[PDB]
């Protein structure tokens, strides 16, 4: 239930959903993350050749505004086959190839919106995703066929048409807003109608384990840099430069933040509860890491939900397995590995 | 380990055409996909067209329909027929190839200019 009103290069991981067994169906994953802007070309290679039917997740981004994507495909690895992932991006002189080296908590609802302008190529690209905790449950893509808000989790498919109509009406409103803003921000920063620019929106609400309201968010960004955001008290704005102060004043004079507070404190919480209940078999589970040590000292963790975890040198970003679970490892060059997870009885410790 | 010999570049009038050719050395079983990326005014190089030894092709959106890639049944050699060239196709075109172990090799490139 949504509202009703710089360049970073990617990090690449190539891995399987499950541990590889020669002859056993599996899933090959390429997780690209931490990059900006969102234009990226990702290929999955099999023996120096492009794999034909590769799918990918809906575009989303992290706190720092950097985007992340999961490209994946079903495959049965054998003895001779070798695999890799290729990534192109504006920050790369040539596409990078990475080979597949075979050898009790709070809750949240978050909506992510991304608009990218396409000078002289039609409307801007618009992508919207919705999350409960670390489980995405709705999406919208302007380039897609439906032109509707679409489910991405079982527990949201129960909702009837009045819900899906209202969501489709609300997302298209979020789209129009971004389209207008793209032309506006172009004007206030004196940029040409020939360049491509990105506008990102994020908002949502947190609740304790008692499902009572904890925190609320509403942030806006231009070309990967902060533009305006709601303070933690949800009653005032943070403008980032002389251009965003003009918006801050127009919004404080129209008391926009008051309508936001109501949603973030009331409506957002209310539907987060309805979702948590409707998908309790999913959202309210906790899966514990299937964990062991790899020797360079490397600590491993597989098939755990939610993604929040701590291992304590090289620490690789947590990555989706593609089945709802996540993975992570850490490395260091009389040593111990500490594993604080929100689904383990008590912290674990590991040593050779 | 592999060397890529490029030819066919140069200057051409708008609306003209050019045929690029790239030939791989080494063992005939040491290269699978071959194709071309092209330099942007910026830092990156964009995909133009490539083809697997079995004939599977992929093109960059901005040359779809105008450019065609092909391969010699015998030798490891690919051909890029560029038609209806525009000034925005001016760039250095780099041939590349992939080993059957997903190792990438890259040629020196060939400047293509469209008045």
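Chains as they are written, first to last, in PDB author numbering: chain A, 1 to 5, 25 to 122, 143 to 334, 343 to 359, 371 to 391, 399 to 417; chain B, 3 to 117.
All C-beta atoms, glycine included, are put in the ideal place defined by N, C-alpha and C.
(message) Between residue 106 (chain B) and chain A, is the shortest Cβ-Cβ distance under 8 angstroms, so that the two count as touching?
(response) yes
(request) Give me the Cα-Cα distance between residue 212 (chain A) and residue 206 (chain A), rounded to the nearest whole angstrom. (result) 10 angstroms
(message) Against chain A, does residue 102 (chain B) count as a neighbour if the rule is that its beta carbon must be under 8 angstroms from one of theirs?
(response) yes
(request) From the DSSP output, read off the bridge partner residues of residue 152 (chain A). (result) A:167, A:240
(message) What are the residues in the segment 154-173 of chain A lying within 9 angstroms of chain B by C-beta distance?
(response) none
(request) Please state if the CB of residue 115 (chain B) and the CB of residue 23 (chain B) are separated by a distance shorter than 8 angstroms. (result) no
(message) Taking the straight line between their C-alpha atoms, what separation do you get for residue 76 (chain B) and residue 53 (chain B)?
(response) 15 angstroms
(request) Identify whether residue 284 (chain A) lies in helix, strand or coil by the three-state DSSP scheme. (result) helix
(message) I'd like the list of long-range same chain contacts for residue 314 (chain A), defined as Cβ closer than 8 angstroms, with 5 residues on each side in sequence excluded.
(response) 148, 171, 176, 194, 195, 322
(message) Check whether the segment 346-358 of chain A and the segment 277-288 of chain A touch, using three or more Cβ-Cβ pairs below 8 angstroms as the test.
(response) no
(request) Could you check what DSSP says for residue 374 (chain A) in three-state terms: helix, strand or coil? (result) coil
(request) Tell me whether the beta-carbon of residue 261 (chain A) lies closer than 8 angstroms to the beta-carbon of residue 243 (chain A). (result) no
(message) Whether or not the segment 178-191 of chain A and the segment 230-246 of chain A are in contact is what I'm after, with contact meaning three or more pairs of Cβ atoms, one per stretch, closer than 8 angstroms; do they touch?
(response) no
(request) Mark residue 31 (chain B) as exposed unless 16 or more other C-beta atoms lie within 10 angstroms of its C-beta, in which case mark it buried. (result) exposed
(message) Only counting the same chain, and skipping five residues up and downstream in sequence, which positions put a Cβ closer than 6 angstroms to that of residue 118 (chain A)?
(response) 103
(request) Verify the CB distance criterion: does residue 46 (chain B) have a CB-CB separation below 8 angstroms to chain A? (result) yes
(message) Looking at residue 88 (chain A): is its Cβ nearer than 8 angstroms to the Cβ of residue 61 (chain A)?
(response) yes
(message) Please tell me whether residue 103 (chain A) has its Cβ less than 8 angstroms away from any Cβ of chain B.
(response) yes
(message) I want to see whether chain A comes within less than 8 angstroms of residue 60 (chain B), judged by CB atoms only; does it?
(response) yes
(request) Could you spell out where the beta strand (DSSP E) holding residue 38 (chain B) opens and where it closes? (result) 36-41
(request) May I have the straight-line CA-CA distance separating residue 18 (chain B) from residue 28 (chain A), to the nearest angstrom? (result) 37 angstroms
(request) Quick one: give me the first and last residue of the beta strand (DSSP E) that residue 295 (chain A) is part of. (result) Counting along the chain, residue 295 (chain A) falls outside any beta strand (DSSP E), though it belongs to the alpha helix (DSSP H) covering 295-301.
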